[PDB]
């Protein structure tokens, strides 16, 4: 959640502001893998 | 490590009536109990039991001063009515991470009137329609819940 | 066996030649002695092996009790013989016994192979889980590059690798650990624990560790990825006329950013070199100083090269101009000052290169050959790599060539600076001007007919592979391979961070670094207050907590005394900048009261101590009566998520005691527990013979020598008699502290320059 | 009681205002570009 006055803004700016508010999640670089798919590669998904 | 070791460390080999709180965490228990706490205890305010593998609530000293108790990450599934006969003075209840099947498990809390906050996280009972409303009208004495009665205050 | 050793020694000494050689050659000279072998090497190994395999007993078995497990002849088949040997003094045997041993015999331990041969099993794991794709049979463009053949756990120079190997698998002969074991303490302890419990011969483990650590690099034709993981399979992935899709089963950006930040911090001050090296060797990336990845990769960004020059490391001697990497091929350019009018109408006095010259030029993925004369570019040959890289190469080579057309193509103004606010030389000002406005010299440069030929084809100003190219520029549909003879020639470092050749010529300038900011993908933890007064509040909190954590022993010791000197530390002054002025004093008073209560009426609690200590730098403001104010939620600059919880934890700080772990600014760190016990567990790496200094000679007053285990029994400050390296009896004293020579040198330099300035 | 102070933090939603305690100062926004700083009162 990110309270706003009500103006319309591009999705990129909204996402940037939302991540800025929750900066800790944005700056997370070490992933604590919890579950994995049968075929998908966790490293590739995390880097993406 | 065992409940006895935790009791000795917290009490530091002193009289039982010297500490008003306990921390029984990461302690293996015999068949899922809370042994190591004798009935001689008379004064206690806070409790903490996490990752103790408690499966039922049948062994607990009778008390009249406890106001908070914490149970989490346990497979306990049974009636809690015994708390009324053991300590009907609870104000903070925490069952986060426990295993409760249906609404009937939380029924016996009606006879308790001092409870004001109850916590139930990722519980099988929590995933139901109008569970929030149903619990509220089932426990009128309750003044708080998982945190969003009407506002947000901290214990 | 030690008795057998002494008996063999006595028998050998009975001869006079052994007595005279042993008493003559020092330990160092032993190497020479070993190399005086026959060298009667077999002329043809194939024929020798063929003949030997047909002989009755070619195998040379070492004398021992193993032979008794097997008869000299099994099932009517001869296996081993009891005849004496002269070459090896053992017994003889045949492959029949080897096959029987593979069939029957003692059963060994399988544990050792899980970890001992970790690199090989990791290779197999990367192969097995790899995903294959299509095959492209079309021609593949390949470039010759210096690539690392195999991945490395932690790349280090050969000498450090050997020292680490000895410190791992040779507990004895570990005199005076250098400034390399502390850097690799984690590797030391990890490999030590993993290899413990084995029985393999130590030399095998040493060679395997050398393979796992020492880098192996070679010139190879590559196309596409270049990481060692892809190079392992390059024999299958690549192909002259076929390619395969392969996906095998970070720190770089962080080091780039850290080096750039250090450069910018040091340049603005006077005598940048000392400050830069202080910050560089006082920095750390999550487990290690900056001399753990800088020393790993070869070369790198210009900032990293400059820092390595400031530190002690080898850097490729390529000439960095902006982004261009230049390698001279021939010709000598006389740098003479000249007055030239710029296209803007102004006249600048700058150095111009008289004479013809040629350079191999590289920029990102673009390679080429440039031939230039004085005040003119003559020829440029490139390969099509990338539009951005090609444009950068063209523009930068244009500016470097100092072509009169480039000067006449200026239209704006040249008064720019850097992030530090300094006026640069006109060359770099022009570089920035042209890069900012690429379509300035391109329009007025002039066009040249396309390179009519089989492969040579032109490129237009828009970087598209379009004909009617630029005057001089040419794009050949071939592979240009350059940058041979990476001599890493001797290079000096001036105080201003600018490198120079063995002569006075300048190779790298302090302003080559590009002023581009990024985000450190890792925890860039420094150790100096001067550095971190730039970034955001979260970075300040993280760095302050890391400073507290690193030197936890000193702070914990000072806590027992109970004096205010503990709180007036410079490290917290920066923290004062991120606490509200109107309320910081109340926080300081509250934290001081809480910590006094902690010292008085309870016992050690590291988490809350760390949480509450830093806020006490500012003076307190007690209640009107005198009692301290009480809080439970310390607000920080920026509001919202920038807040600390006094009770349990918050987004910036949360310690869980169930697993005893610490999460600061979204980063988990292992607080094994509390107590000097956890302190010593942290010290569980380090190096054998790290807590003892050398003082005095043999001093036989102690009698015989004592082992490391018995050495630890001695209380601090004692004297012990030990053996250093291969013998060399000495007297040592157990240390009462942990040392850091770099810190001492930096503080000495700081005091020296403080004295110089004060006298000045 | 005052004006926009970025140091105190961003604007506070009604959810935080309702749970606030007396004697604590917060920041609110009237409309775009006209923030203000307010303080809770017992009366």
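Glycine is no exception: its Cβ is also placed from the backbone N, Cα and C atoms.
Noted in Swiss-Prot for the protein shown:
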{"type": "MOD_RES", "residues": "B:15", "note": "phosphothreonine"}
{"type": "MOD_RES", "residues": "B:17", "note": "phosphoserine"}
{"type": "REPEAT", "residues": "B:18-38", "note": "repeat 'LRR 1'"}
{"type": "REPEAT", "residues": "B:43-64", "note": "repeat 'LRR 2'"}
{"type": "REPEAT", "residues": "B:65-87", "note": "repeat 'LRR 3'"}
{"type": "REPEAT", "residues": "B:89-110", "note": "repeat 'LRR 4'"}
Where else in the chain does the repeat 'LRR 3' (B:65-87) make close Cβ contacts, counting only residues six or more beyond its ends and a cut-off under 8 Å?
20, 32, 42-58, 93-101, 105-109, 111-112, 114, 155
Any same-chain residues 6+ apart from residue B:17 (phosphoserine) with CB under 8 Å of its CB? Would you list them in sequence order, or say none?
B:41, B:42, B:43
Mind checking which residues reach the repeat 'LRR 4' (B:89-110)? Cβ under 8 Å, same chain, six or more beyond either end.
63-81, 83, 116-125, 128, 131, 134-135, 138-139, 141, 155
Nonlocal neighbours by CB distance (under 8 Å) for residue B:15 (phosphothreonine), same chain, sequence gap 6 or more:
none
Using DSSP, what's the helix, strand and coil tally for the repeat 'LRR 3' (B:65-87)?
5 helix, 5 strand, 13 coil
